[PDB]
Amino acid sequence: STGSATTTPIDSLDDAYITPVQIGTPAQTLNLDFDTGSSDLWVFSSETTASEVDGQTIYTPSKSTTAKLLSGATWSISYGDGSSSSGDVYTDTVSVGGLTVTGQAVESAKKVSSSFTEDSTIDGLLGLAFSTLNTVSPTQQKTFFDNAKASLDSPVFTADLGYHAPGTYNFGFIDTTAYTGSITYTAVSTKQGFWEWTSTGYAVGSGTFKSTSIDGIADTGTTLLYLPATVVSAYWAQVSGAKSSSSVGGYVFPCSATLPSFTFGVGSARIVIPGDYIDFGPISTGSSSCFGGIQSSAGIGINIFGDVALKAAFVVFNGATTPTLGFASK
């Protein structure tokens, strides 16, 4: 079987993408943030502290004839940006774009951090990293992808994120009409539970390609591109007036500048990120200082190929027994 769903940016900056997901019987449709950097499927629900809900659609297990409380199970998660949430666990039917999984763990949020409350467009997260990272205790639970794997025509999903435009998540097949040229596959390490791989180098604008190994994770749930301080300094040195701002928390640049492209290596192939993708607009309304989409990973501890990088490519997440990541231009 296969599934296909459209994913839509939540705002004019592509800060995140939401994808409709059907939960329960009859269906309750929630718009979830598909996150290849985590492994929990959690939702705002009728159980979420009332003051912590501000416009989100909530899941109501009591109105679902297929929902079952998973007795004794709890979950608690903390994201690299400091966000967190926690609650209890149901099992229910979950469908993404025609693809149905029965008995999926649906983690009902009883408490959510402020950054989730303020994001009215995101009803929850759908984790797509490896199931070793799932936070359900005392019995760890499988992701939606792991539960669907056997029924899929091919154990793959693909991410085709749009620049200021809708895109597509496909499960179980590779749309050969959605990319140009060939797909380049590269090895994945699952040892930290992430889709972790090694980029073969980079270039800034029309500059010389620098061959150097950059280990990092493919993370649809992270907005920006976080790379080592040496790489990030080389990029922003090519932008007149750009500087790192401690008060802002990253590189900023004059909103009147034009940004160079950024190229990253996948084996012998090159993915080019157009400079416009790196512009995240003024740091506050009316400011003439703009925030950069390439930032240092020094404070994070791991390099992150977030949406800025991924939306420049057609990306295959191959969950075969030896997992791989495929990248193609589009």
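One-based numbering along the sequence shown.
- In this crystal structure, the stretch out of 51-59 and 279-287 whose C-alpha atoms carry the higher mean B factor is 51-59.
- Legend: mean Cα B-factor per stretch from the PDB entry, 242-250 versus 211-219; the higher mean is in 242-250.
- Highest CA B-factor among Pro228, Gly82, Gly162, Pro260, as stated in the entry: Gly82.
- As recorded in the PDB entry, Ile300 shows the highest C-alpha B-factor of the residues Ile300, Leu32, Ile273, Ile294.
- Among the modelled residues of the chain, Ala320 sits in the highest third by CA temperature factor in this PDB entry.
- Split the chain's modelled residues into thirds by C-alpha temperature factor. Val96 is in the lowest one.
- Remark: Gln28 belongs to the middle third of its chain, ranked by C-alpha B-factor as recorded.
- In the PDB entry, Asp123 places in the lowest third of its chain by CA B-factor.
- Sorting the modelled residues of the chain by their CA temperature factor places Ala67 in the highest third.
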